[PDB]
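Chain letters run A, B, ... following the sequence lines, proteins first, then strands; residues in each count from 1. We count ligands from 1, going down the list as the structure has it; atoms in each ligand are counted the same way.
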Amino acid sequence: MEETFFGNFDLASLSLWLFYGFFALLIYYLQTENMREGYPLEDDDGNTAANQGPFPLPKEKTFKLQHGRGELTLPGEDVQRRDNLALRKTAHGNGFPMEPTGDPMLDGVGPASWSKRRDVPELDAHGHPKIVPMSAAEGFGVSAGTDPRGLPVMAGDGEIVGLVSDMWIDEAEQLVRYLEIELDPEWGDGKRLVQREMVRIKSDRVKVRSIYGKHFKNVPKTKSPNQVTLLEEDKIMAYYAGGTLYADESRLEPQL
Amino acid sequence: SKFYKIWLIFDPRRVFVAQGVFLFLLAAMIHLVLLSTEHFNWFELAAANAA
Amino acid sequence: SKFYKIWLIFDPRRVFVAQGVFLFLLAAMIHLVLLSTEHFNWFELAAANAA
Amino acid sequence: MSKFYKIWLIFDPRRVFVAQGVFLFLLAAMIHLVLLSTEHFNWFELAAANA
Amino acid sequence: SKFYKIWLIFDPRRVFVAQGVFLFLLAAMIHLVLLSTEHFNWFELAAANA
Amino acid sequence: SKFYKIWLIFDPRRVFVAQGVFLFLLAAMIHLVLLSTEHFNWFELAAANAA
Amino acid sequence: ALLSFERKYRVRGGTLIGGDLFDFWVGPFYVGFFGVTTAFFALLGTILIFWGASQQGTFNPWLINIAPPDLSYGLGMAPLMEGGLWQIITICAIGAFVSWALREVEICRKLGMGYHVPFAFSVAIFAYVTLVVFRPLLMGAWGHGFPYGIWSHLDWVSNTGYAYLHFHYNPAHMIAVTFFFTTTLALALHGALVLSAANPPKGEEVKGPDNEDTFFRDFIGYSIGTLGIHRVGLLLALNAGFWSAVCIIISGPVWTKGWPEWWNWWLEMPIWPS
Amino acid sequence: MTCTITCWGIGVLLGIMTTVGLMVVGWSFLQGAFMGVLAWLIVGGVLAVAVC
Amino acid sequence: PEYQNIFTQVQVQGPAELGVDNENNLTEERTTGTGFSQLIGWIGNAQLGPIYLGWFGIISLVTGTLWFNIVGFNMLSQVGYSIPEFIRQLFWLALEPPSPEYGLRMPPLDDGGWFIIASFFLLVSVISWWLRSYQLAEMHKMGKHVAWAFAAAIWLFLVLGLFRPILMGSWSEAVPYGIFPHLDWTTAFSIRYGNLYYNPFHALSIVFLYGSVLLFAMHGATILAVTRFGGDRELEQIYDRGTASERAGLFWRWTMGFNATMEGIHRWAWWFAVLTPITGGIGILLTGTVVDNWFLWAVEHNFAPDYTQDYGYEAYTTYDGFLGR
Amino acid sequence: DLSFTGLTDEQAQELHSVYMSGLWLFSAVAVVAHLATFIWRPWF
Amino acid sequence: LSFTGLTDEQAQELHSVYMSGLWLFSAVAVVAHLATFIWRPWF
Amino acid sequence: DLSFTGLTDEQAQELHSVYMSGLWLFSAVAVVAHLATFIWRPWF
Amino acid sequence: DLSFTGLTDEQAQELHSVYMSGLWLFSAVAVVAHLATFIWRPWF
Amino acid sequence: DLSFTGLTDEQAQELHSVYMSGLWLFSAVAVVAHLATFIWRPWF
Ligand code: BCL
Ligand code: BCL
Ligand SMILES: CC[C@H]1c2cc3[nH]c4c(c3C)C(=O)[C@H](C(=O)OC)c4c3nc(cc4[nH]c(cc(n2)[C@@H]1C)c(C(C)=O)c4C)[C@@H](C)[C@@H]3CCC(=O)OC/C=C(\C)CCC[C@H](C)CCC[C@H](C)CCCC(C)C
Ligand SMILES: CC[C@H]1c2cc3[nH]c4c(c3C)C(=O)[C@H](C(=O)OC)c4c3nc(cc4[nH]c(cc(n2)[C@@H]1C)c(C(C)=O)c4C)[C@@H](C)[C@@H]3CCC(=O)OC/C=C(\C)CCC[C@H](C)CCC[C@H](C)CCCC(C)C
Ligand SMILES: COC1=C(OC)C(=O)C(C/C=C(/C)CC/C=C(\C)CC/C=C(/C)CC/C=C(\C)CC/C=C(/C)CC/C=C(\C)CC/C=C(\C)CC/C=C(\C)CC/C=C(\C)CCC=C(C)C)=C(C)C1=O
Ligand SMILES: COC(C)(C)C(=O)/C=C/C(C)=C/C=C/C(C)=C/C=C/C(C)=C/C=C/C=C(C)/C=C/C=C(\C)CC/C=C(\C)CCC=C(C)C
Ligand SMILES: COC(C)(C)C(=O)/C=C/C(C)=C/C=C/C(C)=C/C=C/C(C)=C/C=C/C=C(C)/C=C/C=C(\C)CC/C=C(\C)CCC=C(C)C
Ligand SMILES: COC(C)(C)C(=O)/C=C/C(C)=C/C=C/C(C)=C/C=C/C(C)=C/C=C/C=C(C)/C=C/C=C(\C)CC/C=C(\C)CCC=C(C)C
Ligand SMILES: COC(C)(C)C(=O)/C=C/C(C)=C/C=C/C(C)=C/C=C/C(C)=C/C=C/C=C(C)/C=C/C=C(\C)CC/C=C(\C)CCC=C(C)C
Ligand SMILES: COC(C)(C)C(=O)/C=C/C(C)=C/C=C/C(C)=C/C=C/C(C)=C/C=C\C=C(C)\C=C\C=C(/C)CC/C=C(\C)CCC=C(C)C
Ligand SMILES: [Fe+3]
């Protein structure tokens, strides 16, 4: 207690070193638990990298997915990998950026890149699709803020492409996830979705600064107008953010 | 008179609890005020009266 | 003479609740400031009168 | 006067009794603590005073 | 008299769980109050007697 | 006689874990207050006995 | 190396002042124009710390102490071994921190994600900036910055804290601390929510957002949501960093007296019946 | 918003006015500020609820 | 500029969401009344959900109010039931722990006896609330991470007021129940036992406390940066990761050389938060009981810096020079 | 007629009739209590 | 014309009893102030 | 008639009789408690 | 006739009898404990 | 026929009988322990 053993190493020192050993084990546990995705490492050529780091991959853990979606083991065989990427290396070595072969936004390679998620809509606790248009919502309505329905949509370059037809809401958590854009015949056809986190709503109009007017006709569509699958949901969101770098050369080129 | 029409506006089950907490809080506050004053503090007066 | 139609724009239950809170708060505030001054502090006057 | 039984037509017996039980005990505990604070009515200490 | 009707209002499961905890806390509280006073602290009285 | 019906409304698994935890804590807590008391501290009393 | 999904995101572009000249990766790190300046400033600052440690006479990490100059030197540059080295390391530290934040802008611009992280880091930079260059200017001496030591800068906090007579009564420190405790409280509960939902007892299905949303509804009667917690949590942490900047920038150049005596306004009001 | 933001703006203007109004008749800046801050919370909340 | 997802630009309200429920049948003890607030909806969910009226929660609420009231009426009795003085001195009044000359023995009511009674009720309320968190997670078939994270806060809570005073030999080591008084205790505790800066476990707790705020600014901004990719839906990103998890990981892999998963982030988030009171609880528990002077502990363990300059103002300036005369 | 909470005119009349009796009874005890405490230690 | 869904038939009736309550509230306030003025005048 | 809690007139009269019987019994104990407390060191 | 809990009048009647038997037993030992303490060291 | 916990009457009768046997066994040891310690050092 108040007396020391082998030198100045008292009980406070013993507790301090005991925590040091525990923390080292904790850091190993914490770091390994983050290796369940994206591992093993690879090089720019796609082969397995010679170096895998100082932390070995953890034991396989299983998630009992709900709504009868089977099980899920994270370490090994990521099903979200995209096969045909439209990129080729700018250098024969490693550590250098890729240059898209074709249209970066259409192919979805850079900031426009999506992930091969499940081709099924996300489900709430009831088993119903999580994101649905507010028209199909039972008793939902705008409670505060500016209602964007009917407001014209202004692209990044200022072009007016159409008016908002509906908002795809998240009835499980009661928030807006998308805005439906009814494209004018000049700027495209059909309807397209833009995520709420990428859109800015003004008093009279609603604007997206990430995508120019000519790129709305190429926004990924949804197979059904009543629900969106995670694959389409990932493609749609990625496309708009891809325009933050690919709408024009001025965004990709250095700003100074 | 005709003061009974207040119940056509006020909800009896929401105003009865309103005055119920209000009356006790008012009663408790006034009792505390009396205890603060040394003239009306009946607890200290009993001690002083006994001497 | 034609003030009866103030309620045409004011909701009774919406203004009665505010009025009831306002009247008690005003009455307490006037009572409190009246207790602040030593001339109208009826608790201290009672103590001084019996002294 | 005798129509006080109608209070149960507004208040359900379950919620009022639970509120009443907590209120009465807290009131009883509040008062007992107050007397315990005062030196004259602290029955525990005056027992020690009597030898 | 006829207070048996209280069980038609109070859940027997609920009231007993509250009663069990309430009685013990009111039994520990009072016991500590006597332990506070030197007149009723039976532990100190044994020391004083001896 | 008829106290056996307490198990018809209390879950035996829930009560026993509460009973076991409560019994030990009470047994321990009483053992500490004896240690705090100098008259009933059997540890320091043995030293006093040994003189 | 690269992750299993990193190849696609490694595209050229999204640079502020640099171009393809610095647009490359070194291992996992991304080098940019500001990654070049970060590497230069961080290495120069780190080496000068050890150079000062060599001249200080000790290499013990606990005992290494590079201190600002005396208050007599004012805002001018001091001799290198008399405090001037601390000023240069401060200049290197500001360059390293600003470039690191600007590099993070290049990281997120290349990935198409928002600029929330570099903005959030800039608040922490502002907390350091207000501690080392803003507060000294308001006092007219570089010697008011904290020394660059593991335990020496703890002595500065202790001495500065007691230099205002029980710093706990500082109103901005009072606000800043309760943001620090709430952020850790929010971090624990939010981290627990996701882990609990994702890691149920064995043999039980994983819980979705609805199950974790209703848990605090049954726990504390209101759940801020999956999206709400991240934005309120960022503001909780940024407020903690911002109010920490306030509590130290108002200490010397605003309230030279003791901090309890600041509360004399509350104790001495006309409303109170003295 | 709009109405609520404007009502809050009226309160902060009133809070500033009360901050300097009490300073004129005495008090101090910190004492006046607390009343000004308190006024902003009260009348700002009341206006944002009743007017809007 | 681009829309930063700090305040929602439009919010919708539908039927109130009661809960998920299962055969554990949580509905009976769940309230049937909910409300909606648009002011809080600008930053989070706008629904004021229904309390689950469990027995652990009710006992914690009732006994917590008992501790709150007992401290309150002693505070009101401090100034002789003078409400204006009670309001004026609200931040200064407290329920002081017992005097040190009583030890573990029960002190008189005016000298900490009511402190023990209030502390006992506070202990019951705090523990009962933890049992509520454990039971609620059990009834929801969720992980007990909330209960374990709370239990870490209980550790420092128990060390500060229960564990340390028991094995320090006196109840006087507990923390007073006051706004400013427990700040005075916090400062006096460091002064009495040297300097808690030089307590390694206090330093360790500070490391995790800064790290906890650091992570949750990192995590809060990173999720808001990938919220354009549905990053706020963390749970679905754990089961089926999209570009939100990948971009968030690659942002920190390209910045600081390593990253986390959408699930592994909360393990990092959980542990620094949990380690903050665990390390602090250890440091307080062995402060005074083991080490009675932390600076002297630092001196003998060679991590207290040494200064070679003079300690007087006369060595740097003069009184006339400071005054400008 | 006006009914913001139901309570058809007949229902409100009988509710106030017993409420007034309760109010008068509560105030009658208050008057007696105030008269009794005024005799004990008057405040005027 | 109307903002709270009331007509002239009952809004006039509502004000009729509100003034009765206002006068009764003022009447007991007038005598209260008159009694206080006699006891402790402030003019 | 005007049953906010699904409780009829007959139940209210029956329940109030029990409540008043309990109330008077509780008040009777309090009165005897106060009367004895006033005999032993009164507060007036 | 009215029972929020759901248990019948007969079920309430027997449960109260058992509860009272427990209450009197709990009270009876409490009175003896309270009585025996008074001979030990009275507080009046 | 009032099993709130889904446990029949017969099972409760044997549950209490065994529980009392444990309770009396626990109390009997406590009584002997209390009797032994009172002779060693009485507290009354
Ligand atoms: C006697 C001492 C007084 C006291 C006096 C002070 C003083 C004096 C100060 C504080 C300040 C603070 N006090 Mg105080 N304070 C006291 C008691 C407390 C208590 C408590 C429980 O008792 C608490 C919780 C706090 C809490 C705090 C926080 C509000 C704040 C800490 C700094 C911060 O926010 O980050 C701000 C700092 C930064 C964010 C650093 C930025 C980091 C940079 C950008 C990145 C670093 C990179 C670096 C190179 C590492 C890279 C290396 C590796 C490659 C990774 N105080 C005691 C009573 N307190 C400090 C403050 O506010 O500072 C603004 C301050 O100056
Ligand atoms: C002069 C002041 C001393 C000082 C003395 C102390 C003391 C004394 C302590 C700390 C401790 C802490 N100090 Mg220090 N500390 C100082 C300077 C600092 C500085 C700084 C920049 O200067 C900082 C950042 C810190 C930082 C910290 C944290 C790391 C740590 C507390 C973590 C915590 O919240 O636990 C979380 C736990 C709690 C706060 C209590 C948990 C509360 C319970 C669980 C909740 C009950 C709720 C209650 C019933 C109310 C409910 C009401 C609701 C509304 C319903 N200290 C100086 C040296 N410091 C603590 C420690 O040592 O940790 C090892 C501590 O005890
Ligand atoms: C500012 C608001 C809050 C916050 C946020 C925050 N911090 C951040 C970020 C964010 C959002 C990042 O994105 C960024 C990051 O990438 O973290 C991993 C970061 C960061 N904040 C960090 C630390 C940190 N944050 C802290 C706190 C906080 N983090 C605040 C509470 C603290 C405290 C107060 O204890 C520390 C120590 C780093 C991990 C990282 C910044 C990395 C960086 O700047 O890298 C470039 C520089 C170097 C590699 C070395 C430079 C060396 C210098 C040239 C010389 C030495 C200077 C220094 C002043 C000496 C110190 C001596 C002694 C006092 C130790
Ligand atoms: C991991 C460490 C961090 C942490 C974590 C943490 N805290 C937690 C949890 C977790 C994981 C919970 O699950 C739990 C919780 O439910 O949070 C919402 C909690 C909690 N930690 C809390 C506070 C808290 N945490 C703190 C800090 C921390 N806890 C660390 C930073 C601090 C500090 C040190 O400053 C505090 C003060 C609470 C919000 C909550 C614990 C509350 C609880 O469950 O029981 C406590 C008591 C009550 C609820 C009863 C209080 C009494 C009344 C409600 C008050 C008075 C009401 C009214 C005035 C009555 C008037 C009556 C009269 C009119 C008669
Ligand atoms: C859900 O979403 C999320 C994720 O999951 C998708 C995440 O993961 C994260 C990230 C958060 C995590 C918890 C993940 C794990 C991370 C941590 C535990 C750390 C964060 C917590 C802390 C308490 C901070 C601890 C600090 C650490 C670990 C240090 C990291 C910071 C540093 C500054 C050090 C690293 C930097 C270095 C080495 C320098 C950078 C390099 C350059 C700029 C390159 C420059 C090069 C040149 C110019 C060329 C010269 C080349 C040379 C000399 C060759 C040398 C080569 C080298 C490699 C050095 C978040 C927020 C998130 O929300
Ligand atoms: C700070 O300043 C200082 C100077 C210190 C200060 O003190 C300031 C004091 C100030 C400002 C005084 C403010 C006091 C005021 C304004 C007095 C309000 C008090 C009032 C108004 C008394 C209501 C009594 C109501 C009862 C008690 C009814 C009893 C009802 C009974 C129980 C019947 C209920 C049952 C039914 C109705 C059944 C009907 C049902 C059906 C028909 C189904
Ligand atoms: C700081 O400065 C110092 C100098 C200190 C200060 O003191 C400043 C003082 C200042 C500024 C004075 C501010 C006071 C003012 C302006 C006085 C407003 C007060 C007023 C106006 C009194 C209304 C009373 C009306 C009632 C209370 C009616 C009662 C109504 C009854 C209850 C009937 C209700 C029922 C119905 C209507 C039923 C209808 C229904 C159907 C028809 C269905
Ligand atoms: C600073 O403050 C200081 C100065 C300290 C202070 O002292 C302030 C004190 C202040 C302000 C006094 C505030 C106290 C007041 C106002 C006293 C309220 C107290 C009252 C009114 C007592 C009711 C008692 C009624 C019972 C307890 C009946 C028992 C009922 C029994 C149990 C029967 C129930 C059973 C059934 C009904 C079954 C029937 C069911 C069916 C038929 C189904
Ligand atoms: C500052 O405060 C200071 C001064 C410190 C202070 O002291 C304040 C003290 C204050 C305020 C005193 C407040 C105390 C009060 C009011 C006393 C309440 C206490 C009561 C009322 C005692 C109930 C006892 C009931 C039992 C124990 C029954 C036993 C039940 C038995 C076990 C039967 C259970 C049922 C079955 C077995 C079968 C049933 C089931 C079926 C038939 C299915
Ligand atoms: C209108 O309102 C009225 C009604 C007036 C009112 O009430 C208002 C109430 C008002 C204003 C009170 C406001 C309270 C305030 C500001 C106090 C803040 C509180 C703070 C800062 C707490 C710090 C210390 C906490 C620890 C650290 C505890 C440690 C607890 C330990 C762990 C307990 C351990 C248990 C025991 C020691 C018992 C042992 C005995 C047995 C087991 C038998
Ligand atoms: Fe998160």
message = For the aromatic rings, using the six-membered ring if either is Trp, is the centroid distance between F40(C) and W42(K) under 6.0 Å?
response = no
inquiry  = Taking only non-hydrogen atoms of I179(I), do any sit less than 4.0 angstrom from ligand 10?
reply    = yes
ask   = Considering only protein heavy atoms, which is closest to atom 12 (C) of ligand 7, and at what distance to one decimal place?
value = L26(C) CD1, 4.1 Å
inquiry  = Which residue and atom name correspond to the protein heavy atom nearest atom 39 (C) of ligand 10, and how close is it?
reply    = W171(I) CH2, 4.0 Å
query = Hey, is the main chain of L196(I) close enough, under 3.5 Å, to the side chain of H202(I) for a donor-acceptor pair?
reply = yes
message = Would you say the rings of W129(I) and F219(G) are close, in the sense that their centroids are separated by under 6.0 Å?
response = yes
ask   = Aromatic rings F115(I) and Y177(I): how do their planes relate, parallel, tilted or perpendicular, breaks at 30° and 60°?
value = parallel
message = Quick check on contacts: which atoms of ligand 7 are under 4.0 angstrom from a heavy atom of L8(B)?
response = 43 (C)
ask   = Is it true that a side-chain atom of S1(B) and a backbone atom of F3(B) form a donor plus acceptor pair closer than 3.5 Å?
value = yes
ask   = Looking at atom 17 (C) of ligand 7, would you say a protein heavy atom lies below 4.0 Å from it?
value = no
remark   = In short, side chain to side chain donor-acceptor pair (under 3.5 Å) pairs touching residues 82-96 of chain I with sequence neighbours left out are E85(I)-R88(I), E85(I)-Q89(I)
ask   = Are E13(K) and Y18(K) linked by a side-chain donor-acceptor pair shorter than 3.5 Å?
value = no
task = Take every heavy atom of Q19(C), measure it against each atom of ligand 7, and state whether any distance is under 4.0 Å.
result = yes
query = When you check the side-chain N and O atoms of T184(G) and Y210(I), is any donor under 3.5 Å from an acceptor?
reply = no
ask   = How far is atom 47 (C) of ligand 2 from its nearest protein heavy atom, and which residue and atom is that?
value = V126(I) CG2, 5.0 Å
ask   = For ligand 2, which atoms have a heavy atom of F189(I) less than 4.0 angstrom away?
value = 8 (C)
ask   = What protein heavy atom sits nearest atom 64 (C) of ligand 2, and how far away is it?
value = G280(I) CA, 1.5 Å
task = For atom 20 (C) of ligand 2, find the nearest protein heavy atom and state the residue, atom name and distance (0.1 Å precision).
result = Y197(I) OH, 3.6 Å
request  = Would you check whether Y162(G) reaches within less than 4.0 Å of ligand 2, judged by its heavy atoms?
outcome  = yes
inquiry  = Is it the case that ligand 2 has an N or O less than 3.5 angstrom from some N or O of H168(G)?
reply    = no
request  = Just jot down the ligand 7 atoms closer than 4.0 angstrom to any heavy atom of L2(J), in number order.
outcome  = 43 (C)
task = Establish, from distance only, whether the side-chain atoms of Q13(J) and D9(J) form a donor-acceptor pair under 3.5 Å.
result = yes
query = What atoms of ligand 7 come closer than 4.0 angstrom to any heavy atom of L23(C)?
reply = 19 (C), 27 (C)
message = Taking atom CZ as the centre, does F10(C) end up with more than 12 heavy-atom neighbours from other residues, nucleotides or ligands that are less than 6.0 angstrom away?
response = no
remark   = In ligand 10, the atoms that come under 4.0 Å of a heavy atom of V175(I) are 24 (C), 27 (C)
ask   = Are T187(I) and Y162(G) linked by a side-chain donor-acceptor pair shorter than 3.5 Å?
value = no
request  = Heavy-atom contacts with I30(C) under 4.0 Å: which atoms of ligand 7 show up? List them by number with element.
outcome  = 7 (O)
key: Identity and separation of the nearest protein heavy atom to atom 24 (C) of ligand 2   = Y210(I) OH, 3.5 Å
ask   = Just heavy atoms, cut-off under 4.0 Å: does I9(B) contact ligand 7 by side chain, backbone, both, or neither?
value = side chain
Distance filter under 4.0 Å to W185(I) heavy atoms, resulting ligand 2 atoms = 8 (C)
request  = Looking only at distances, please establish whether an N/O atom of ligand 10 is found under 3.5 Å from an N/O atom of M75(I).
outcome  = no
ask   = Distance only, no hydrogens: is a donor on one side chain within 3.5 Å (strictly under) of an acceptor on the other, for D155(G) and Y198(I)?
value = yes
inquiry  = Among all the protein's non-hydrogen atoms, which is closest to atom 23 (C) of ligand 10, and how far away is it?
reply    = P176(I) O, 3.7 Å
note = atom 19 (C) of ligand 2 has as its nearest protein heavy atom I206(I) CD1, 3.9 Å
inquiry  = With a heavy-atom distance limit of 4.0 Å, tell me whether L156(I) approaches ligand 2 through its side chain, its backbone, both, or neither.
reply    = side chain
task = Enumerate the atoms of ligand 10 whose separation from the nearest heavy atom of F120(I) is less than 4.0 angstrom.
result = 38 (C), 41 (C), 42 (C), 43 (C)
query = Closest non-hydrogen protein atom to atom 10 (C) of ligand 10, residue and atom name please, with distance?
reply = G72(I) CA, 3.8 Å
inquiry  = Please determine whether any non-hydrogen atom of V177(G) lies less than 4.0 Å from an atom of ligand 2.
reply    = no
query = Can you tell which part of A153(I) has a heavy atom less than 4.0 Å from ligand 2: side chain, backbone, both or neither?
reply = both
note = of all protein heavy atoms, closest to atom 45 (C) of ligand 2 is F150(I) CE1, 4.9 Å
query = For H15(K) and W7(C), what are the C-alpha separation, side-chain angles and deciding distance, and is it a side-chain hydrogen bond (donor to acceptor under 3.5 Å, both in side chains)?
reply = CA-CA 8 Å; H15(K) 196 241; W7(C) 315 109; 4.6 Å; no
